[PDB]
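These notes are about the structure you will find just below.
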Amino acid sequence: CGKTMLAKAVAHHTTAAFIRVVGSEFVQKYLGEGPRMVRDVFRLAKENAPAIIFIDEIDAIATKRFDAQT
Amino acid sequence: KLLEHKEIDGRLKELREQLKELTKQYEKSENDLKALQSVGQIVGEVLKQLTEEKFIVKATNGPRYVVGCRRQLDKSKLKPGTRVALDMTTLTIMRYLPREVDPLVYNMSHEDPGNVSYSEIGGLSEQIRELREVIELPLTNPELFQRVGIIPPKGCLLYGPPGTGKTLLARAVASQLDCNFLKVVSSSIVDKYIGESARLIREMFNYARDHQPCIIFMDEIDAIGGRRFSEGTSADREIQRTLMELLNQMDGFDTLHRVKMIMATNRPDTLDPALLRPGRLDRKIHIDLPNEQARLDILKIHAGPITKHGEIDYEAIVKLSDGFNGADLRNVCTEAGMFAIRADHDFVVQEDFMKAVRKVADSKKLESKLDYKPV
Amino acid sequence: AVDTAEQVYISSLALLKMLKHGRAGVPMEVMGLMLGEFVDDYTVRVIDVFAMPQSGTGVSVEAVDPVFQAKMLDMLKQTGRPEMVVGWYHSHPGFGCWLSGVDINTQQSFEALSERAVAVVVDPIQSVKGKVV
Amino acid sequence: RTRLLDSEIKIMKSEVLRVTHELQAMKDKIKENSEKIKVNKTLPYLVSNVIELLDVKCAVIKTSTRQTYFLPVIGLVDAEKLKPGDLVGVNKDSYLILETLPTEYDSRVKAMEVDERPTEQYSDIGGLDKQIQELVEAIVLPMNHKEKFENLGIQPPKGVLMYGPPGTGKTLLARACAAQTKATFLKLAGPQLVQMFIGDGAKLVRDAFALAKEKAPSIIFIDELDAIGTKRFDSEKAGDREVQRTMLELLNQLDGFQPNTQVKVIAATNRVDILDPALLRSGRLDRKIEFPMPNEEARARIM
Ligand SMILES: Nc1ncnc2c1ncn2[C@@H]1O[C@H](COP(=O)(O)OP(=O)(O)OP(O)(O)=S)[C@@H](O)[C@H]1O
Ligand SMILES: Nc1ncnc2c1ncn2[C@@H]1O[C@H](COP(=O)(O)OP(=O)(O)OP(O)(O)=S)[C@@H](O)[C@H]1O
Ligand SMILES: Nc1ncnc2c1ncn2[C@@H]1O[C@H](COP(=O)(O)OP(=O)(O)OP(O)(O)=S)[C@@H](O)[C@H]1O
Ligand SMILES: [Zn+2]
């Protein structure tokens, strides 16, 4: 239904800083680097400008069922 | 009486040739003796440049660091995303390197075995033609597509009954163009780790980005695909994140170029609707069971190098054939040879064929519900 | 062992040659020879420093080319001051400057030529403005 | 009187070079062997995997601790014997390649090897002679007389399935062909391919096939294939997945892409209708072999 097509146009017409983020990029091999990458994105966001973050497909992140064993 | 010259020179010649062949061992092993003192060096990537001398890298196994360079490195070559070689103790930069290859890629880049040309398969020639124009043209000549002014399709989907010749068709294509057939089995991707499969996808698509005319083929998608869940088993999470890695890096912001993606499975009913949107997988190409002419074709393909005698009613064999695969007829030819091995008939009589067809059509009392049309 | 008073003199050019040549080849330990005059039992006076050429691309490995010795000392004979070699140097650039196994290895072979040929270590990293070191 | 003494003393002038070559052999051999004693007697070899091979003659290593290492100097192995993904013996401190290790094989795969060699000759099975004929003529003769096929020139058949009621005896033929055929008979229980960690059953299937390939006359037996052979389904909220992934790995490493001629597969289920049609299709498991109940005389034969 044209989901990313509008974020593309917003990235085109804007003047602000625009950071694309792969959804599953945070979960990585080494321990704890995920929350550190969250810190990284948000520190740079606080740094740059009035800016725009687009995170694609947070279904990789926001899953309402967990298992604190694995 | 003057054979002393050749005797002394034979002494010198045997001594010279044996000195070469016995001191070249000392030479190469002394090169090894000098080489035994080299030190392994840490592999890492550069985050960014702090100052003219201060550099900030990340070790791939773990932590971050703040390092320095040599004096002959041409520091403008250090850019965010490069890969460097770090000292073990001094922990400074030694050398900028090209990107690594992740040998899983190498085991499906060059490992690919070729096959016979597209005349080996048969009876589905329209699909062969169609797949050829969607793949071979927009990398050999895309400007004809540009004259219309429409982007060629990105990926193509194969589907059908089991063993109608999908994988064999991909092998024919991989014998035809011979450029960059990255054939993924789509099942030995996931290993046991957290972001491992994602990192494999990143490596694959960046390697696809590098060697610009690439072909991706993933047989048996249903391992990696799934549909969706209410988060039943914790292992399914990682598959869904891997599939969203695929969904992102086939559409994304940085759009692809020339990476044609061939996709084949048995039943596309179990596939994710987010993958079956057009644009990621443009055309659903159907490969169905062969027709009477097509069964005749495949039978006259596999009966090529078979020593027979001329009483072969191919019409009766195809007429008694109904709802068969290509491998069904291959099994017919195999078991006809098996009946020929019975009672030591070195040739193949026509009586072998009817019995083999009866055995094969007898054995198919087991498999029903063979149709799974997508959406 | 039997010791004496411990004292090493310098030349002002020495320290500068030390820092420059130990900086220009920093991540690998750079060999260099040291030149001066054994005045007495307990003081040693380095007056000149020339650096050694480098070789294959590996940490701490060292060599003394004798034709380089002959030609360098020959040039210093036709230079105003010829004098006796007094030792050598290199760096331990990333650490607290102790002589390594290769260092003591070249020391037990180099000590048979001179008694008090003193091994010296410059470090252009752990010194900022108020350290030599 | 002048030349012969000149050559007899030139044998000594060239014995100067012969003693020089003996020195360059022996005395340099002492020093080179001394150094390779000082390196190779460091008996702990950290094993690793070669990631790629640069040429600006330069190899890249990931150790088993998962630390990526560069080295410009390869060491005591040759660039022909290297390919990306090889086990090599590496010194701990120097990080220098020393030896070349054979394979990456699991201990469970080694445990699957048949070494007891049971005894059950074909006279122990009564009343099933036609199926014994079909099995032997399907499997034992591709192991023995390959030229007899290619003179006729077709294909050897790919795998044989047993099925039937649960007491007709299907383990019997497996132990029989173990007792008779001297190939690498390889057993495999059904649920042993089921794993807890996601992605090890595929590794297990592939290691099993690899250890079969490197012991080329290779007879792989599967018992209760329906443990991993399950008819797939598209539902929501729930569903077994990983077992189908192992099943697809079994399929593809069996048949489809990259075919093979050195594998022999024997499967046996109690029930048939469980399985996906792709498991059987007609070239994964070639000869469908039914087992009936013993009719009249066969029961007397068995008793
Ligand atoms: N106005 C439009 N309406 C629909 N499709 C359009 C439109 N303009 C362009 N398109 C094309 O159709 C695509 C729309 O799909 P997307 O923008 O990719 O949405 P989406 O990212 O596929 O959402 P998903 O499938 O849930 S990830 C565009 O990328 C264009 O190729
Ligand atoms: N048109 C054909 N011409 C020749 N051989 C064919 C043909 N179709 C199928 N075969 C045979 O059947 C097998 C090829 O089927 P594949 O291409 O592997 O399909 P597939 O991999 O079985 O896909 P599945 O069954 O959905 S996993 C080989 O044994 C071929 O010899
Ligand atoms: N000729 C024979 N026919 C049938 N059964 C026999 C014969 N000879 C021996 N047996 C018995 O058959 C038994 C083996 O039966 P099973 O192997 O358990 O049945 P099955 O074929 O394995 O079915 P499963 O358990 O589902 S694999 C042995 O313990 C023998 O006592
Ligand atoms: Zn040192």
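Each chain in the structure tokens gets a letter, A, B and so on, in the order shown; residues start at 1 in every chain, and ligands are counted from 1 in the order they appear.
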
Inset, instruction - Let me have all residues with an atom within 7 Å of ligand 1, counting only C-alpha atoms and all ligand atoms, laid out as a PyMOL selection string. - result: (chain A and resi 1-6) or (chain B and resi 247+251+274+277+279)

Can you write just those residues out, N, CA, C and O atoms, as a compact mmCIF listing (two decimals), in the first residue's frame?
# COMPACT_ATOMS: atom_id res chain seq x y z
N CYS A 1 0.80 -1.21 0.00
CA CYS A 1 0.00 0.00 0.00
C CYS A 1 0.84 1.27 0.00
O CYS A 1 0.36 2.31 0.45
N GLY A 2 2.07 1.20 -0.48
CA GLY A 2 2.93 2.37 -0.53
C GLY A 2 3.40 2.82 0.82
O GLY A 2 3.11 3.95 1.24
N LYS A 3 4.13 1.97 1.53
CA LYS A 3 4.55 2.34 2.86
C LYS A 3 5.88 3.07 2.84
O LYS A 3 6.00 4.17 3.40
N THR A 4 6.89 2.50 2.20
CA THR A 4 8.17 3.17 2.22
C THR A 4 8.27 4.26 1.17
O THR A 4 9.17 5.10 1.27
N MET A 5 7.35 4.30 0.20
CA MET A 5 7.35 5.30 -0.86
C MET A 5 7.19 6.71 -0.32
O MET A 5 7.75 7.65 -0.88
N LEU A 6 6.49 6.85 0.80
CA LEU A 6 6.26 8.16 1.38
C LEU A 6 7.43 8.61 2.22
O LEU A 6 7.78 9.79 2.20
N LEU B 247 13.31 -8.77 3.44
CA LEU B 247 12.30 -7.82 3.01
C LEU B 247 12.81 -6.39 2.98
O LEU B 247 12.41 -5.60 2.12
N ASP B 251 13.95 -4.14 -0.75
CA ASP B 251 13.25 -2.90 -1.09
C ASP B 251 14.02 -1.68 -0.60
O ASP B 251 14.48 -0.89 -1.43
N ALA B 274 3.98 -10.57 2.87
CA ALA B 274 4.90 -9.47 2.68
C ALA B 274 5.98 -9.78 1.66
O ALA B 274 6.55 -8.86 1.07
N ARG B 277 4.27 -9.65 -2.22
CA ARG B 277 3.89 -8.41 -2.88
C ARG B 277 4.73 -8.24 -4.14
O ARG B 277 5.92 -8.58 -4.15
N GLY B 279 7.02 -6.44 -6.94
CA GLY B 279 8.10 -5.51 -6.74
C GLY B 279 9.23 -6.16 -5.98
O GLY B 279 10.40 -5.94 -6.30

As a compact mmCIF listing (two decimals) with N, CA, C and O atoms, in the first residue's frame, which residues of region 52-87 of chain C does DSSP assign to strand (DSSP E)?
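Generated output (states.txt):
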# COMPACT_ATOMS: atom_id res chain seq x y z
N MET C 84 84.47 5.98 19.19
CA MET C 84 84.16 4.58 19.43
C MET C 84 82.67 4.40 19.66
O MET C 84 82.00 5.25 20.24
N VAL C 85 82.14 3.27 19.19
CA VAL C 85 80.75 2.94 19.45
C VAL C 85 80.57 2.62 20.94
O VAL C 85 81.48 2.10 21.60
N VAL C 86 79.42 2.99 21.48
CA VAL C 86 79.16 2.85 22.91
C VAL C 86 77.86 2.11 23.21
O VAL C 86 77.46 2.04 24.37
N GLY C 87 77.19 1.59 22.21
CA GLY C 87 75.97 0.87 22.47
C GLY C 87 74.97 1.14 21.36
O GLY C 87 75.35 1.37 20.21

Legend entry - Shell of 10 Å around ligand 4 (only C-alpha atoms and all ligand atoms), written as a ChimeraX atom specification: /C:28-31,59-62,89-93,95,97-104,121

Written file, previous selection with N, CA, C and O atoms, as a CSV table (one decimal), in the first residue's frame:
chain,number,residue,atom,x,y,z
C,28,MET,N,56.7,-0.2,15.0
C,28,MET,CA,57.7,-1.3,15.0
C,28,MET,C,59.0,-0.7,15.7
C,28,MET,O,59.3,0.4,15.5
C,29,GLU,N,59.6,-1.6,16.5
C,29,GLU,CA,60.8,-1.1,17.2
C,29,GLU,C,61.9,-0.9,16.3
C,29,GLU,O,62.4,-1.8,15.6
C,30,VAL,N,62.4,0.4,16.2
C,30,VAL,CA,63.4,0.8,15.3
C,30,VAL,C,64.8,0.7,15.8
C,30,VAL,O,65.1,1.4,16.9
C,31,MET,N,65.6,-0.1,15.2
C,31,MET,CA,67.0,-0.2,15.7
C,31,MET,C,67.8,1.0,15.4
C,31,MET,O,67.6,1.8,14.4
C,59,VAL,N,58.3,-6.7,14.1
C,59,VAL,CA,58.5,-6.1,15.4
C,59,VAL,C,59.9,-6.6,15.9
C,59,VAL,O,60.2,-7.7,15.8
C,60,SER,N,60.7,-5.6,16.5
C,60,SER,CA,61.8,-5.9,17.3
C,60,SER,C,63.0,-6.6,16.7
C,60,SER,O,64.0,-6.7,17.3
C,61,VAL,N,62.9,-7.0,15.4
C,61,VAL,CA,64.0,-7.7,14.8
C,61,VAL,C,65.1,-6.7,14.4
C,61,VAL,O,64.8,-5.6,14.0
C,62,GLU,N,66.4,-7.0,14.6
C,62,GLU,CA,67.5,-6.1,14.6
C,62,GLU,C,68.7,-6.7,13.9
C,62,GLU,O,68.8,-7.9,13.9
C,89,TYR,N,70.2,1.5,20.7
C,89,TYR,CA,68.9,1.8,21.2
C,89,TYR,C,67.8,1.3,20.3
C,89,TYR,O,68.1,0.9,19.2
C,90,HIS,N,66.6,1.3,20.9
C,90,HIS,CA,65.4,1.2,20.2
C,90,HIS,C,64.3,1.7,21.1
C,90,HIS,O,64.5,2.3,22.1
C,91,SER,N,63.0,1.4,20.7
C,91,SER,CA,61.9,1.9,21.4
C,91,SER,C,61.1,0.8,22.0
C,91,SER,O,61.2,-0.3,21.5
C,92,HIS,N,60.3,1.1,23.0
C,92,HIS,CA,59.2,0.2,23.4
C,92,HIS,C,57.9,1.1,23.4
C,92,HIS,O,57.4,1.5,24.4
C,93,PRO,N,57.3,1.3,22.2
C,93,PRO,CA,56.5,2.5,22.0
C,93,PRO,C,55.2,2.4,22.7
C,93,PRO,O,54.6,3.5,23.0
C,95,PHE,N,54.4,0.9,25.8
C,95,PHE,CA,54.4,0.3,27.1
C,95,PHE,C,55.4,1.0,28.0
C,95,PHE,O,56.0,2.1,27.6
C,97,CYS,N,58.4,0.4,28.8
C,97,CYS,CA,59.8,0.4,28.4
C,97,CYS,C,60.7,-0.5,29.1
C,97,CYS,O,61.6,-0.1,29.8
C,98,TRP,N,60.5,-1.8,29.0
C,98,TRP,CA,61.4,-2.9,29.4
C,98,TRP,C,62.0,-3.6,28.3
C,98,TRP,O,61.3,-3.8,27.2
C,99,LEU,N,63.3,-4.0,28.4
C,99,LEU,CA,63.9,-4.7,27.3
C,99,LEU,C,63.3,-6.1,27.1
C,99,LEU,O,63.1,-6.9,28.1
C,100,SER,N,62.9,-6.5,25.9
C,100,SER,CA,62.2,-7.7,25.6
C,100,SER,C,63.2,-8.9,25.5
C,100,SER,O,64.4,-8.7,25.8
C,101,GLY,N,62.7,-10.0,25.1
C,101,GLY,CA,63.5,-11.2,24.9
C,101,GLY,C,64.5,-11.0,23.7
C,101,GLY,O,65.6,-11.5,23.8
C,102,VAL,N,64.1,-10.4,22.7
C,102,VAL,CA,65.0,-10.1,21.5
C,102,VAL,C,66.0,-9.1,22.0
C,102,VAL,O,67.2,-9.2,21.5
C,103,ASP,N,65.7,-8.2,22.9
C,103,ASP,CA,66.6,-7.2,23.3
C,103,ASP,C,67.7,-7.9,24.2
C,103,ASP,O,68.9,-7.6,23.9
C,104,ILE,N,67.4,-8.7,25.1
C,104,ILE,CA,68.4,-9.4,25.9
C,104,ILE,C,69.1,-10.4,25.0
C,104,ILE,O,70.3,-10.7,25.2
C,121,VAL,N,66.6,3.0,25.9
C,121,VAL,CA,65.3,2.9,25.3
C,121,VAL,C,64.6,4.3,25.3
C,121,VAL,O,64.3,4.9,26.4

Inset, instruction - Please identify every residue of chain D that has at least one atom no more than 12 Å from any atom of chain C, counting only C-alpha atoms, and report them as a ChimeraX atom specification. - result: /D:71-73,94

Inset, instruction - For residue 20 (chain C), list every protein, DNA or RNA residue within 9 Å, evaluated using only C-alpha atoms, and leave out those in the same chain fewer than 5 positions away; present the list as an NGL selection string. - result: :C and (15 or 25 or 124)

Atoms to include: C-alpha atoms. Write the selected residues as a CSV table (one decimal), in the first residue's frame.
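Output contents, as saved in selection.csv:
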chain,number,residue,atom,x,y,z
C,15,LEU,CA,67.8,13.0,22.4
C,25,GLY,CA,58.8,4.3,12.5
C,124,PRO,CA,58.0,9.0,22.0

Legend entry - Non-local contacts of region 262-270 of chain D (10 Å; only C-alpha atoms; under 6 positions in same chain excluded) as a count of residues only: 50

Inset, instruction - Please report as a list in words which residues of chain A come no farther than 12 Å from chain D, using only C-alpha atoms. - result: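 That gives the following set of residues: residues 29, 30, 65 and 70 of chain A.
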
Keeping N, CA and C atoms for every residue in the selection just given, could you write it to a file as a PDB file, in the first residue's frame?
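Okay, selection-v2.pdb is ready:
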ATOM      1  N   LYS A  29      26.212 -10.050  17.091  1.00  0.00           N
ATOM      2  CA  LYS A  29      26.924 -11.197  17.641  1.00  0.00           C
ATOM      3  C   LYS A  29      27.454 -10.912  19.039  1.00  0.00           C
ATOM      4  N   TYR A  30      28.212  -9.832  19.188  1.00  0.00           N
ATOM      5  CA  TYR A  30      28.787  -9.490  20.478  1.00  0.00           C
ATOM      6  C   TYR A  30      27.698  -9.030  21.441  1.00  0.00           C
ATOM      7  N   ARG A  65       5.805 -10.974  22.933  1.00  0.00           N
ATOM      8  CA  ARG A  65       6.018 -12.185  23.710  1.00  0.00           C
ATOM      9  C   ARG A  65       7.507 -12.476  23.786  1.00  0.00           C
ATOM     10  N   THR A  70      16.514 -17.710  26.993  1.00  0.00           N
ATOM     11  CA  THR A  70      17.302 -18.069  25.821  1.00  0.00           C
ATOM     12  C   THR A  70      18.551 -17.222  25.666  1.00  0.00           C
TER      13      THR A  70
END

Which residues of chain D come within 6 Å of ligand 2, and for each one, what is the closest pair of atoms and their distance in Å to one decimal, counting only C-alpha atoms and all ligand atoms, sorted by chain and residue number, as CSV?
residue,atom,partner,partner_atom_place_in_ligand_line,distance
D:256,CA,ligand 2,18 (O),3.7
D:278,CA,ligand 2,25 (O),5.4
D:283,CA,ligand 2,29 (O),5.8

Inset, instruction - Give the helix (DSSP H, G or I) residues of region 77-183 of chain B, as assigned by DSSP on the backbone, as an MDAnalysis selection string. - result: chainID B and resid 77 106:108 125:135 137:140 143:148 166:176

Legend entry - Neighbour list for region 241-249 of chain D as an MDAnalysis selection string, cut-off 9 Å, only C-alpha atoms, skip fewer than 2 positions in-chain: (chainID B and resid 185:188 220 222:224 226 233 235:236) or (chainID D and resid 193:196 198:206 227:232 239 251:254 279)

Find the residues of chain B that sit at most 8 Å from chain A; for each, write down the nearest two atoms and how far apart they are in Å, to one decimal. Count only C-alpha atoms. Sort by chain, then by number going up, and give it as a tab-separated table.
residue	atom	partner	partner_atom	distance
B:61	CA	A:30	CA	6.9
B:62	CA	A:30	CA	6.2
B:193	CA	A:29	CA	7.0
B:194	CA	A:29	CA	5.8
B:195	CA	A:28	CA	4.2
B:196	CA	A:29	CA	6.5
B:198	CA	A:24	CA	7.4
B:230	CA	A:65	CA	8.0
B:231	CA	A:65	CA	6.2
B:234	CA	A:67	CA	6.9
B:240	CA	A:60	CA	7.4
B:241	CA	A:60	CA	5.3
B:242	CA	A:24	CA	7.7
B:244	CA	A:60	CA	7.1
B:245	CA	A:24	CA	6.5
B:248	CA	A:22	CA	7.3
B:252	CA	A:4	CA	7.8
B:253	CA	A:8	CA	7.1

Deliver the residues from the most recent selection as a file, using N, CA and C atoms, as a short mmCIF file (atom, residue, chain, number, x, y, z; two decimals), in the first residue's frame.
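Output (part-v8.cif):
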data_model
loop_
_atom_site.label_atom_id
_atom_site.label_comp_id
_atom_site.auth_asym_id
_atom_site.auth_seq_id
_atom_site.Cartn_x
_atom_site.Cartn_y
_atom_site.Cartn_z
N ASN B 61 35.67 -8.50 17.38
CA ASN B 61 35.37 -9.49 18.41
C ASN B 61 34.75 -8.88 19.66
N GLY B 62 34.67 -7.56 19.74
CA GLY B 62 34.44 -6.92 21.01
C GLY B 62 34.60 -5.42 20.99
N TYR B 193 23.29 -18.64 16.32
CA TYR B 193 23.65 -17.41 17.00
C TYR B 193 22.63 -16.32 16.70
N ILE B 194 22.90 -15.15 17.26
CA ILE B 194 21.88 -14.12 17.39
C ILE B 194 21.73 -13.36 16.09
N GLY B 195 22.78 -12.66 15.68
CA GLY B 195 22.71 -11.84 14.49
C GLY B 195 23.50 -12.43 13.35
N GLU B 196 23.74 -13.74 13.43
CA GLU B 196 24.62 -14.39 12.47
C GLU B 196 24.00 -14.43 11.09
N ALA B 198 21.57 -12.54 9.85
CA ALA B 198 21.52 -11.18 9.33
C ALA B 198 22.86 -10.78 8.73
N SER B 230 2.00 -15.85 16.36
CA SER B 230 1.79 -15.25 17.68
C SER B 230 2.91 -15.63 18.63
N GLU B 231 4.11 -15.76 18.05
CA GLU B 231 5.39 -15.85 18.76
C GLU B 231 5.49 -17.14 19.58
N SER B 234 10.57 -19.67 20.58
CA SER B 234 11.56 -18.59 20.54
C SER B 234 12.48 -18.66 19.33
N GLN B 240 12.03 -14.88 11.70
CA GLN B 240 11.25 -13.73 11.27
C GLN B 240 12.12 -12.49 11.11
N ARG B 241 13.12 -12.32 11.97
CA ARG B 241 14.06 -11.21 11.80
C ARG B 241 14.93 -11.39 10.56
N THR B 242 15.32 -12.62 10.26
CA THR B 242 16.05 -12.91 9.03
C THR B 242 15.21 -12.61 7.80
N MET B 244 12.75 -10.47 7.69
CA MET B 244 12.63 -9.02 7.59
C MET B 244 13.92 -8.37 7.12
N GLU B 245 15.08 -8.98 7.38
CA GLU B 245 16.31 -8.55 6.73
C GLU B 245 16.20 -8.68 5.22
N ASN B 248 13.70 -6.05 3.92
CA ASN B 248 14.26 -4.72 3.91
C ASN B 248 15.25 -4.57 2.76
N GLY B 252 14.21 -1.53 0.71
CA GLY B 252 15.02 -0.50 1.35
C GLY B 252 14.91 0.94 0.90
N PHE B 253 15.98 1.70 1.13
CA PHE B 253 16.18 3.00 0.51
C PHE B 253 17.22 2.91 -0.60
#
